[PDB]
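Notes follow once the structure below has been shown.
Laboratory data are not the source of any read-out in this text; all were calculated from the coordinates shown. Using ideal geometry, Cβ is built from the backbone for each residue, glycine included, and neighbour counts are taken over all protein chains shown.
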Amino acid sequence: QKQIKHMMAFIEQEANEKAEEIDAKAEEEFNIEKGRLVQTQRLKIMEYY
Amino acid sequence: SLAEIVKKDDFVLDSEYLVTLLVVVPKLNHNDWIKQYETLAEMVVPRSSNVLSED
Amino acid sequence: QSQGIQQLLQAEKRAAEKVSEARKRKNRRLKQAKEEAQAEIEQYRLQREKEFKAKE
């Protein structure tokens, strides 16, 4: 019967959206990570010179 | 107690999005519950009943 | 069992796999952030090195 296709597609679409959230949240963390790293290292380089 | 009636193999278990559940129905209303099985709530698994005891 | 249950269990397997791909993409790309930072910080190091050599 047809409804099993919808029931799969529903949980599959939740998985699509959850994966896409984790893929967004990954890039958001990498922009914070570079912000922590590059400025601290630049400041250490400046304090050395 | 259901401990002599049911076993793990009788249920959908260990899942994120499906569950098997137990219902007791009057013997006279067996066919009424069969009419309702496909329809009583949304996102029920179609055509997958199983009687495990009768009294 | 009616077989559609097994297809839904496979849709759970694929659902877990999809979010696991995004976790794996995150775990791999975390080191790209460090490799990109390592490229930038060397530019400031070279600039201050050249400026120091100019003062010398």
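Considering only the stretch B:13-21, I want to know if a residue exists there that is within 14 Å of chain A (Cβ to nearest Cβ), farther than 17 Å from C:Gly4 by Cβ and surrounded by 10 or more Cβ atoms within 10 Å (Cβ to Cβ).
Let us first name the residues in the stretch B:13-21 that are within 14 Å of chain A (Cβ to nearest Cβ), namely B:15-19.
Pick out the ones that are also farther than 17 Å from C:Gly4 by Cβ and you get none.
For the stretch B:13-21, residues within 14 Å of chain A (Cβ to nearest Cβ), farther than 17 Å from C:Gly4 by Cβ and surrounded by 10 or more Cβ atoms within 10 Å (Cβ to Cβ): absent.
Report, by residue number, each residue of the stretch B:33-55 that is more than 14 Å from chain A (Cβ to nearest Cβ) and either under 14 Å from the mean Cα position of the chain (by Cα) or of a type in the set (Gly, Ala, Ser) (or both).
First pass over the stretch B:33-55, keeping only residues more than 14 Å from chain A (Cβ to nearest Cβ): B:33-36, B:50-55.
B:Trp33, B:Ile34, B:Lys35, B:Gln36, B:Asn50, B:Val51, B:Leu52, B:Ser53, B:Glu54, listed by residue number.
Determine if the stretch A:4-16 includes at least one residue that is loosely packed, with under 15 Cβ neighbours inside 10 Å and under 14 Å from C:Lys34 (Cα atoms).
No, every residue in the stretch A:4-16 fails to be loosely packed, with under 15 Cβ neighbours inside 10 Å and under 14 Å from C:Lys34 (Cα atoms).
Sort through C:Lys13, C:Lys26, C:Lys18, C:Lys50 and tell me the only one that's over 31 Å from the mean Cα position of the chain (by Cα) and charged (D, E, K, R). Break it down stepwise before answering.
On the way: C:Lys13 fails: over 31 Å from the mean Cα position of the chain (by Cα); C:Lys26 fails: over 31 Å from the mean Cα position of the chain (by Cα); C:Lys18 fails: over 31 Å from the mean Cα position of the chain (by Cα).
Going through C:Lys13, C:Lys26, C:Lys18, C:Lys50 in turn, just one is over 31 Å from the mean Cα position of the chain (by Cα) and charged (D, E, K, R): C:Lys50.
For residues that are aliphatic (A, V, I, L, M) and not in a loop (DSSP other than H, G, I, E, B), scanning just the stretch B:12-39, find the one that is nearest to A:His6 (Cα to Cα). Full working, then the answer.
Within the stretch B:12-39, the first condition is being aliphatic (A, V, I, L, M), and the residues that meet it are B:12-13, B:18-19, B:21-25, B:28, B:34.
Still in the list and also not in a loop (DSSP other than H, G, I, E, B): B:28, B:34.
On the way: B:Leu28: 33, B:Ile34: 22 Å.
Among those that are aliphatic (A, V, I, L, M) and not in a loop (DSSP other than H, G, I, E, B), it is B:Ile34.
Please identify the pairs in which a residue from the stretch A:2-25 that is facing another protein chain (nearest Cβ under 8 Å) and more than 18 Å from C:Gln10 (Cα to Cα) has its Cβ atom under 9 Å from the Cβ atom of a residue that is of a type outside the set (A, V, I, L, M, F, W, C) and assigned to a helix (DSSP H, G or I), counting only partners at least 6 apart or on another chain.
From residues that are facing another protein chain (nearest Cβ under 8 Å) and more than 18 Å from C:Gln10 (Cα to Cα), the pairs are A:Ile22/C:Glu21; A:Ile22/C:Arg23; A:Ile22/C:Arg25; A:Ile22/C:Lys26; A:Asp23/C:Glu21; A:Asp23/C:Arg25; A:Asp23/C:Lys26; A:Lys25/C:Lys26.
Could you tell me whether the stretch A:27-44 includes any residue that is part of a helix (DSSP H, G or I), of a type in the set (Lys, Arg) and within 18 Å of C:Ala22 (Cα to Cα)? Break it down into steps so the answer makes sense when it comes.
First, the residues of the stretch A:27-44 that are part of a helix (DSSP H, G or I): A:27-44.
Cutting the leftovers down to of a type in the set (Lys, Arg) gives us A:34, A:36, A:42, A:44.
Restricting the remaining residues to those that are within 18 Å of C:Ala22 (Cα to Cα) gives none.
Checking the stretch A:27-44: not a single residue is part of a helix (DSSP H, G or I), of a type in the set (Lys, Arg) and within 18 Å of C:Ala22 (Cα to Cα).
Are there any pairs, at least 6 apart or on different chains, whose C-beta atoms fall under 8 Å, with the first in the stretch A:31-42 and farther than 15 Å from C:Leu30 by Cα and within 7 Å of chain C (Cβ to nearest Cβ) and the second of a type outside the set (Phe, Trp, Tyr) and crowded, with 17+ Cβ neighbours inside 10 Å, and if so, which?
Filtered contacts from the stretch A:31-42: A:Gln41/C:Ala37; A:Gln41/C:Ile41; A:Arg42/C:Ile41.
Among the residues of the stretch C:7-50, write down those that are more than 7 Å from every other protein chain (Cβ to nearest Cβ) and hydroxyl-bearing (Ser, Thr, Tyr).
C:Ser20
If you scan the stretch C:1-22, which residues turn out to be β-branched (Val, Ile, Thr) and buried (at least 18 other Cβ atoms within 10 Å of the Cβ)?
First, pick out the residues of the stretch C:1-22 that are β-branched (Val, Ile, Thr): C:5, C:19.
Matches in the stretch C:1-22: C:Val19 only.
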